[PDB]
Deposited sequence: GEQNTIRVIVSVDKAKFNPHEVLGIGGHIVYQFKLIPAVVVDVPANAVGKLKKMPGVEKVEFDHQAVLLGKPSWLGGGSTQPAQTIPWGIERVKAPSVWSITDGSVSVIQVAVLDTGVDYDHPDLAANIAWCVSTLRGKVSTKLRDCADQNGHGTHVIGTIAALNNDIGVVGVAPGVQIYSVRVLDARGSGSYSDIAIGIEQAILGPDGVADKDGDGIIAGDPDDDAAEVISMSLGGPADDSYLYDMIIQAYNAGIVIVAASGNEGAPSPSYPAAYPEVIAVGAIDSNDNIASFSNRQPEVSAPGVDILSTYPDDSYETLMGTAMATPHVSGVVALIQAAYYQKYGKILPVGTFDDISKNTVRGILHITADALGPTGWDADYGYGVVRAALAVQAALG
């Protein structure tokens, strides 16, 4: 019957009425890339390629969550210590106002007493519809609430504590109750993380997005999820985020493969591998990460008002995203600006990725651990030194 497809277009010639004309509909018009999500009867896709202004028709691929379960006063999970976050908190817990982290995942238990105060914005992109309603944005799986707690669980007398326990979180639900998500919804969730709550990327028109107090963009997009497919419009959204000054962090994958899933495999994205508490790379961790982090036996928040232990590269990812939030929060607190994102290759202290690379606890890049295990305390020293 009806398939979902993503059309790359020339906006001067693409007439959307041509798709309604063949029994299709417009699902979502991207604001930041020239592309549109459409539903068409499957036997009419051939007619789509043929319309004026249609440059490419791509099918809607599937990505999936990358965390799975391991089988009272406040605990500091072993991974938060390993990554050397508690030492940083006298400088910053990430609570500097221009800083937000967007977590594209299964949603969040937004009224969880260890999370709520840091939940700044809650949205859903599922099924190509942007929803800002609470029932839509709530986590129906648990995995997002877990990823989120590793980043930002409160420092208090309950539960757990995240890497950056003061940072504002934008929860962006791009994955359903089963942890499965379409590339379409994930590209839309990324656009939303750039647009933010006011729906405009660059409201004052000055060319600054991430790190501009006049805007409400996130500064980190964290994606603990992956698929085998490399689609154009998705990689275009990645570049829009990258160009806006957003650091993008994604899980390597859990199939013990030689290279990362997507989007972790894009040059603009920090691929993240998983270690255990013995500083062994997990066997499941996809190889050639950029950096690695705690991803086995990770205790964190879980629905509802509860706590759970999970494992996977999905768990390693938010430790890195939390480190990035500390670097950017410390740098903005001292200077009144953030660092550039940087590249895989980078070994300077002038770039977030540069700092991640050279402060990593290398156990010189390798195909197992990447540059090594991120260390917040040392990264924040490099950023400020």
How would you list, in order, the spans of the deposited sequence that the model does not cover?
1-3, 75-81, 374-376
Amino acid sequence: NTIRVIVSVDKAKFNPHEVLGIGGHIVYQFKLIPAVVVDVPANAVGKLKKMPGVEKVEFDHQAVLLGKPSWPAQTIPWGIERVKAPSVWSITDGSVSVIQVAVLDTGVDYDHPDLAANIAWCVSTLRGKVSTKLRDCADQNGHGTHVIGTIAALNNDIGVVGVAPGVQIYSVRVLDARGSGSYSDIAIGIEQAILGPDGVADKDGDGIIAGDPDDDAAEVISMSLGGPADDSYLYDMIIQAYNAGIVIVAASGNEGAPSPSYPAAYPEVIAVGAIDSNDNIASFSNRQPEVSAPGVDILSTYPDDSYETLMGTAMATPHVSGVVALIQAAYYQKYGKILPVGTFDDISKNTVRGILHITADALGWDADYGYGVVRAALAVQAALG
From here on, numbers count along this sequence of modelled residues.
Would you mind comparing 254-262 and 147-155 for me and telling me which has the higher average C-alpha temperature factor in the entry?
254-262
Tell me which stretch has the larger mean Cα B-factor in this entry, 107-115 or 281-289.
281-289
Quick one: which of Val36, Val320, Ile358, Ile338 shows the highest Cα temperature factor in the PDB entry?
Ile358
Can you pull the Cα B-factors for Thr75, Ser224, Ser171, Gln100 from the entry and say which is highest?
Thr75
Ranked against its chain, the third holding the CA B-factor of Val88
highest
Among all modelled residues of this chain, ranked by Cα B factor, put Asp297 in the bottom, middle or top third, i.e. lowest, middle or highest.
middle
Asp214, C-alpha B-factor rank within chain (lowest, middle or highest third)
middle
Would you please rank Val7 by its C-alpha temperature factor against the other modelled residues of its chain and give the third it falls in: lowest, middle or highest?
middle
Place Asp304 in the lowest, middle or highest third of its chain's C-alpha B-factors, as listed in the PDB entry.
highest
